[PDB]
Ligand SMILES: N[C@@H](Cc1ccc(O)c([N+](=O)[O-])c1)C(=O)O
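Before any questions on binding or motion, here is one chain by itself as C-alpha coordinates, the form deposited without the ligand.
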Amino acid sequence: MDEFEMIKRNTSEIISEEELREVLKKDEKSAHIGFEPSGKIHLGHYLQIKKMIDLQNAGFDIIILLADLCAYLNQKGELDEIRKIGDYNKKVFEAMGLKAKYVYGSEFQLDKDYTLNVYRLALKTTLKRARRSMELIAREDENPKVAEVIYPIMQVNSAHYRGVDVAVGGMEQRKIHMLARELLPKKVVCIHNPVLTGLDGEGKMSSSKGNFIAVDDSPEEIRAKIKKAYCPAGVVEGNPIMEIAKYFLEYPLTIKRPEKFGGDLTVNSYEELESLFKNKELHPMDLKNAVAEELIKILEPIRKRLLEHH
(Lines give C-alpha, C1' and ligand atoms only; values in the text may rest on other atoms or scores of the structure.)
Protein backbone atom coordinates (compact mmCIF):
# COMPACT_ATOMS: atom_id res chain seq x y z
CA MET A 1 0.00 0.00 0.00
CA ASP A 2 1.32 3.42 -1.08
CA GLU A 3 2.23 6.06 1.46
CA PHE A 4 -0.16 8.13 -0.62
CA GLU A 5 -2.91 5.53 -0.40
CA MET A 6 -2.18 5.01 3.29
CA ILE A 7 -2.72 8.74 3.78
CA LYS A 8 -5.73 8.88 1.45
CA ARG A 9 -7.47 5.92 3.20
CA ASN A 10 -10.78 6.89 4.85
CA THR A 11 -10.46 10.57 3.98
CA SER A 12 -13.33 12.46 2.43
CA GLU A 13 -11.02 14.45 0.16
CA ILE A 14 -7.51 15.65 -0.53
CA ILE A 15 -7.03 19.13 -1.98
CA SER A 16 -5.33 18.33 -4.09
CA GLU A 17 -3.94 14.90 -4.86
CA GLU A 18 -1.22 16.09 -7.24
CA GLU A 19 -0.24 18.72 -4.69
CA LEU A 20 0.12 16.08 -1.97
CA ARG A 21 2.26 14.16 -4.49
CA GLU A 22 4.78 16.99 -4.52
CA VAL A 23 4.97 17.31 -0.72
CA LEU A 24 5.60 13.55 -0.23
CA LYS A 25 8.90 13.96 -2.13
CA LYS A 26 10.35 16.27 0.56
CA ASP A 27 12.49 15.07 3.44
CA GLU A 28 11.09 17.76 5.70
CA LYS A 29 7.32 18.06 5.61
CA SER A 30 4.90 19.25 8.27
CA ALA A 31 1.20 18.87 8.95
CA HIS A 32 -1.04 20.49 11.53
CA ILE A 33 -4.58 20.32 12.80
CA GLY A 34 -6.42 22.51 15.26
CA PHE A 35 -8.67 21.34 18.09
CA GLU A 36 -10.97 23.53 20.21
CA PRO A 37 -10.44 22.11 23.71
CA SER A 38 -13.30 19.74 24.48
CA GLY A 39 -14.59 18.42 27.83
CA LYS A 40 -14.72 14.87 26.40
CA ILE A 41 -12.52 13.41 23.64
CA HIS A 42 -14.66 11.27 21.32
CA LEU A 43 -14.42 9.00 18.26
CA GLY A 44 -14.49 12.10 16.02
CA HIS A 45 -11.24 13.34 17.58
CA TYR A 46 -9.86 9.82 17.44
CA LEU A 47 -10.52 9.53 13.70
CA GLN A 48 -8.51 12.69 13.03
CA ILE A 49 -5.67 11.77 15.37
CA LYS A 50 -5.53 8.40 13.55
CA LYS A 51 -5.05 10.35 10.31
CA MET A 52 -2.30 12.44 11.91
CA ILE A 53 -0.66 9.17 12.96
CA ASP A 54 -0.86 8.14 9.29
CA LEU A 55 0.99 11.33 8.32
CA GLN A 56 3.56 10.78 11.07
CA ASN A 57 4.24 7.29 9.69
CA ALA A 58 4.77 8.79 6.24
CA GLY A 59 7.48 10.98 7.79
CA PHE A 60 5.58 14.20 8.58
CA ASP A 61 6.34 16.31 11.63
CA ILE A 62 3.04 16.74 13.47
CA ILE A 63 1.75 19.82 15.26
CA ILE A 64 -1.46 19.77 17.25
CA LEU A 65 -2.87 23.24 17.67
CA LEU A 66 -4.63 23.58 21.01
CA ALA A 67 -6.98 26.26 19.76
CA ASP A 68 -7.69 28.18 22.93
CA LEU A 69 -8.24 31.51 21.12
CA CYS A 70 -10.51 30.04 18.40
CA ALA A 71 -12.51 28.28 21.13
CA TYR A 72 -12.55 31.62 22.94
CA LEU A 73 -13.98 33.30 19.78
CA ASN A 74 -16.42 30.40 19.27
CA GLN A 75 -18.03 31.05 22.67
CA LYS A 76 -16.57 28.10 24.64
CA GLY A 77 -15.90 30.29 27.68
CA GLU A 78 -13.03 32.06 29.39
CA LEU A 79 -9.47 31.51 28.10
CA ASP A 80 -7.96 30.19 31.36
CA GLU A 81 -10.67 27.50 31.61
CA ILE A 82 -10.24 26.75 27.91
CA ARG A 83 -6.47 26.19 28.35
CA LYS A 84 -6.85 23.83 31.31
CA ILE A 85 -9.13 21.59 29.18
CA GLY A 86 -6.62 21.83 26.28
CA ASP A 87 -4.03 20.36 28.62
CA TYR A 88 -6.34 17.43 29.38
CA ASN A 89 -6.95 16.91 25.64
CA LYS A 90 -3.16 16.74 25.12
CA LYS A 91 -2.90 13.88 27.62
CA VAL A 92 -5.70 11.96 25.84
CA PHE A 93 -3.93 12.33 22.45
CA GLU A 94 -0.71 11.02 23.97
CA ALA A 95 -2.57 8.03 25.37
CA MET A 96 -3.62 7.51 21.75
CA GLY A 97 0.06 6.92 20.99
CA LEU A 98 0.49 10.05 18.89
CA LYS A 99 4.02 11.48 18.69
CA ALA A 100 3.59 15.22 18.15
CA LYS A 101 4.39 18.76 19.28
CA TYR A 102 1.55 20.65 20.94
CA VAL A 103 1.10 24.39 20.64
CA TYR A 104 -1.55 26.75 22.02
CA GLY A 105 -2.94 29.10 19.39
CA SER A 106 -2.42 32.02 21.74
CA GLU A 107 1.32 31.40 21.89
CA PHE A 108 1.55 33.10 18.49
CA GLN A 109 -1.95 34.43 17.55
CA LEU A 110 -1.43 37.75 19.37
CA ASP A 111 1.96 38.64 17.90
CA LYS A 112 1.95 42.06 16.18
CA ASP A 113 2.91 40.48 12.85
CA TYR A 114 0.15 37.91 13.03
CA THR A 115 -2.46 40.50 14.02
CA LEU A 116 -1.51 42.89 11.24
CA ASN A 117 -2.04 40.08 8.74
CA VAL A 118 -5.44 39.26 10.24
CA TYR A 119 -6.41 42.82 9.28
CA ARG A 120 -4.87 42.46 5.79
CA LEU A 121 -6.83 39.26 5.21
CA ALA A 122 -9.95 40.93 6.61
CA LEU A 123 -9.71 43.42 3.72
CA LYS A 124 -9.79 40.54 1.26
CA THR A 125 -12.48 38.52 2.97
CA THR A 126 -16.09 39.36 2.24
CA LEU A 127 -18.55 39.14 5.10
CA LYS A 128 -20.69 36.83 2.98
CA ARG A 129 -17.84 34.40 2.29
CA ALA A 130 -16.73 34.50 5.94
CA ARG A 131 -20.21 33.63 7.23
CA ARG A 132 -20.62 30.92 4.58
CA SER A 133 -17.40 29.30 5.86
CA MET A 134 -18.71 29.11 9.46
CA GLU A 135 -22.11 27.52 8.83
CA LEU A 136 -20.94 24.09 10.04
CA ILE A 137 -18.68 25.39 12.82
CA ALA A 138 -20.17 28.31 14.72
CA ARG A 139 -21.89 27.74 18.05
CA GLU A 140 -25.61 28.33 17.51
CA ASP A 141 -26.52 31.91 18.32
CA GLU A 142 -29.69 33.81 17.49
CA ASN A 143 -27.56 36.97 17.42
CA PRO A 144 -24.28 36.21 15.61
CA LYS A 145 -21.20 38.09 16.87
CA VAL A 146 -18.35 39.74 14.99
CA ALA A 147 -16.15 37.00 16.53
CA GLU A 148 -17.77 34.51 14.17
CA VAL A 149 -16.26 36.18 11.09
CA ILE A 150 -12.92 36.71 12.87
CA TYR A 151 -12.59 32.91 13.42
CA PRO A 152 -12.09 31.85 9.77
CA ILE A 153 -9.38 34.45 9.16
CA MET A 154 -7.56 33.29 12.31
CA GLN A 155 -7.58 29.77 10.97
CA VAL A 156 -6.37 30.97 7.55
CA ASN A 157 -3.62 33.21 8.99
CA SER A 158 -2.37 30.36 11.23
CA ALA A 159 -1.83 28.15 8.21
CA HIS A 160 0.15 31.06 6.71
CA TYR A 161 2.11 32.07 9.82
CA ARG A 162 3.32 28.59 10.74
CA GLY A 163 4.20 27.78 7.13
CA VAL A 164 2.74 24.30 7.24
CA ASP A 165 2.64 22.07 4.13
CA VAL A 166 -0.51 20.20 5.06
CA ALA A 167 -3.61 21.20 6.94
CA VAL A 168 -5.90 18.46 8.25
CA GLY A 169 -9.44 18.83 9.50
CA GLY A 170 -12.98 17.56 9.24
CA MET A 171 -15.09 18.16 6.17
CA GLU A 172 -16.82 21.02 7.99
CA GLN A 173 -13.56 22.96 7.62
CA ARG A 174 -13.42 22.82 3.81
CA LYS A 175 -14.74 26.34 3.03
CA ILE A 176 -12.20 27.86 5.41
CA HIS A 177 -9.45 25.88 3.72
CA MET A 178 -10.56 26.91 0.21
CA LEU A 179 -10.43 30.51 1.42
CA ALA A 180 -6.87 29.87 2.65
CA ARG A 181 -5.84 28.37 -0.68
CA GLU A 182 -7.24 31.39 -2.55
CA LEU A 183 -5.99 34.18 -0.24
CA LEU A 184 -2.48 32.99 0.64
CA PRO A 185 0.59 33.09 -1.60
CA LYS A 186 1.51 29.46 -0.78
CA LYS A 187 -1.28 26.93 -1.30
CA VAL A 188 -1.65 24.58 1.67
CA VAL A 189 -2.56 20.96 0.89
CA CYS A 190 -5.80 20.20 2.71
CA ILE A 191 -6.86 16.75 3.88
CA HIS A 192 -10.41 16.43 5.05
CA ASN A 193 -11.75 13.65 7.23
CA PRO A 194 -15.39 12.55 7.19
CA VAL A 195 -17.61 13.87 9.96
CA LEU A 196 -19.05 11.06 12.03
CA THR A 197 -22.82 10.69 12.43
CA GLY A 198 -24.14 11.00 15.98
CA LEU A 199 -25.41 7.84 17.73
CA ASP A 200 -29.10 8.72 17.34
CA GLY A 201 -28.45 9.32 13.62
CA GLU A 202 -30.12 12.74 13.71
CA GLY A 203 -27.05 14.91 13.23
CA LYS A 204 -23.26 14.90 13.28
CA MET A 205 -21.43 13.52 16.33
CA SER A 206 -20.46 16.34 18.65
CA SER A 207 -19.22 16.76 22.23
CA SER A 208 -21.94 19.36 22.77
CA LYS A 209 -24.72 17.10 21.49
CA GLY A 210 -24.36 14.04 23.75
CA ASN A 211 -24.46 11.72 20.78
CA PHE A 212 -20.89 10.43 20.99
CA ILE A 213 -18.87 7.60 22.40
CA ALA A 214 -15.93 9.06 24.32
CA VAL A 215 -12.61 7.19 24.02
CA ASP A 216 -12.59 6.63 27.79
CA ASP A 217 -16.24 5.51 28.15
CA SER A 218 -16.58 2.39 30.33
CA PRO A 219 -17.25 -0.88 28.53
CA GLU A 220 -20.85 -1.06 29.91
CA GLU A 221 -21.35 2.57 28.78
CA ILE A 222 -20.07 1.71 25.30
CA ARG A 223 -22.44 -1.30 25.04
CA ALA A 224 -25.50 0.74 26.14
CA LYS A 225 -24.63 3.54 23.70
CA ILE A 226 -24.40 1.10 20.81
CA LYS A 227 -27.49 -0.84 21.92
CA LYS A 228 -29.56 2.38 21.69
CA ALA A 229 -27.85 3.63 18.52
CA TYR A 230 -29.64 4.27 15.23
CA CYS A 231 -29.02 1.20 13.03
CA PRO A 232 -31.73 0.13 10.54
CA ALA A 233 -31.42 -3.24 8.79
CA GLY A 234 -29.99 -2.77 5.29
CA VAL A 235 -29.30 0.94 5.85
CA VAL A 236 -25.64 1.95 5.61
CA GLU A 237 -25.79 5.71 5.04
CA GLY A 238 -26.14 7.81 8.19
CA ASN A 239 -25.61 4.61 10.19
CA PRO A 240 -23.09 5.39 12.98
CA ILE A 241 -22.50 1.69 13.84
CA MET A 242 -21.44 0.95 10.27
CA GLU A 243 -19.28 4.10 10.38
CA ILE A 244 -17.50 2.78 13.49
CA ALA A 245 -16.93 -0.52 11.67
CA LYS A 246 -15.54 1.28 8.60
CA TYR A 247 -13.32 3.76 10.46
CA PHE A 248 -12.02 1.97 13.56
CA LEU A 249 -12.23 -1.83 13.19
CA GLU A 250 -9.54 -4.08 11.72
CA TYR A 251 -10.26 -6.78 9.16
CA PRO A 252 -10.74 -9.74 8.93
CA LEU A 253 -13.51 -9.28 11.49
CA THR A 254 -15.16 -12.28 13.11
CA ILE A 255 -18.78 -11.60 13.96
CA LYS A 256 -19.93 -13.98 16.66
CA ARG A 257 -23.53 -15.20 16.35
CA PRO A 258 -25.42 -18.12 17.87
CA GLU A 259 -25.62 -21.15 15.62
CA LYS A 260 -29.39 -20.67 15.54
CA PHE A 261 -28.90 -17.33 13.78
CA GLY A 262 -26.33 -18.52 11.26
CA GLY A 263 -23.27 -18.97 13.45
CA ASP A 264 -20.02 -17.00 13.42
CA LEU A 265 -19.40 -14.76 10.42
CA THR A 266 -15.94 -13.86 9.16
CA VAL A 267 -15.81 -10.72 7.04
CA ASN A 268 -12.62 -9.93 5.16
CA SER A 269 -13.19 -6.21 4.54
CA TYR A 270 -15.60 -3.35 5.24
CA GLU A 271 -16.88 -3.48 1.68
CA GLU A 272 -17.87 -7.10 2.30
CA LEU A 273 -19.48 -6.05 5.58
CA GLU A 274 -21.47 -3.36 3.81
CA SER A 275 -22.82 -5.81 1.23
CA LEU A 276 -23.83 -8.29 3.95
CA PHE A 277 -25.64 -5.61 5.88
CA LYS A 278 -27.35 -4.06 2.83
CA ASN A 279 -28.55 -7.53 1.82
CA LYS A 280 -30.18 -7.78 5.25
CA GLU A 281 -27.98 -10.87 5.68
CA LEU A 282 -26.45 -9.50 8.88
CA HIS A 283 -28.88 -8.35 11.58
CA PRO A 284 -28.29 -5.04 13.49
CA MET A 285 -28.11 -6.82 16.89
CA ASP A 286 -25.25 -9.04 15.69
CA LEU A 287 -23.46 -6.11 14.02
CA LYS A 288 -23.91 -4.04 17.20
CA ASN A 289 -22.58 -6.79 19.49
CA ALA A 290 -19.38 -7.21 17.45
CA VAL A 291 -18.71 -3.49 16.91
CA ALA A 292 -19.17 -2.89 20.64
CA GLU A 293 -16.79 -5.69 21.69
CA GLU A 294 -14.13 -4.85 19.10
CA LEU A 295 -14.40 -1.09 19.83
CA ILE A 296 -14.00 -1.84 23.55
CA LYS A 297 -10.79 -3.73 22.71
CA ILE A 298 -9.57 -0.89 20.49
CA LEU A 299 -10.16 1.81 23.12
CA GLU A 300 -8.94 -0.37 26.02
CA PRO A 301 -5.25 0.72 25.95
CA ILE A 302 -6.39 4.37 25.86
CA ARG A 303 -8.82 4.05 28.78
CA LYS A 304 -6.18 2.14 30.76
CA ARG A 305 -3.45 4.76 30.23
CA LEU A 306 -5.90 7.44 31.44
CA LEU A 307 -7.08 5.30 34.35
CA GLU A 308 -3.54 4.68 35.60
CA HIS A 309 -3.25 8.44 36.24
CA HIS A 310 -5.93 7.81 38.90
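Throughout, we count residues from 1 along the sequence that is shown.
Comparing 256-264 with 48-56, the higher mean C-alpha B-factor in the PDB entry belongs to 256-264.
The PDB entry records a higher mean C-alpha B factor for 21-29 than for its counterpart among 21-29 and 6-14. The PDB entry assigns its highest CA temperature factor, among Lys84, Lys175, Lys187, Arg120, to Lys84. The top Cα temperature factor in the record, among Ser133, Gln109, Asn143, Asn239, falls on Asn143.
Ranked within its chain, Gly39 lands in the highest third, by CA B factor from the PDB record.
When the CA B factors of the chain's modelled residues are split into thirds, the value for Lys227 lands in the middle one. The deposited CA B-factor of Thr126 belongs to the lowest third of values across its chain. When all modelled residues of the chain are sorted by CA temperature factor, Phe277 is found within the highest third. When the CA B factors of the chain's modelled residues are split into thirds, the value for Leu79 lands in the highest one.
Keep in mind the form solved in complex with the ligand is missing from the figure; the text below concerns it.
Transferred by C-alpha superposition from where it sits in the bound PDB entry, the ligand keeps all its atoms beyond 2.4 Å of the backbone and C-beta atoms, leaving the site open. The candidate spot formed by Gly34, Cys70 and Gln109 is fully in contact with the ligand in the bound PDB entry: every one of the three has a heavy atom within 4.5 Å.
Residue heavy atoms within 4.5 Å of the ligand in the bound PDB entry occur in exactly one stretch of 266-274, 61-69, 279-287, 253-261, and that stretch is 61-69. Within 4.5 Å of any heavy atom of the ligand in the bound PDB entry lies no heavy atom of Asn239. In the bound PDB entry, the ligand lies farther than 4.5 Å from every heavy atom of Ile226. Although the partner is absent here, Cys231 is not a contact residue: none of its heavy atoms lies within 4.5 angstroms of the ligand in the bound PDB entry.
Although the partner is absent here, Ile137 lies within 4.5 Å of the ligand in the bound PDB entry, judged by heavy atoms. Interface residue among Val92, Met154, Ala100, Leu199, judged by heavy atoms within 4.5 Å of the ligand in the bound PDB entry: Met154. Residues of 171-202 that come within 4.5 Å of the ligand in the bound PDB entry, judged by any heavy atom, reduce to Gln173 alone.
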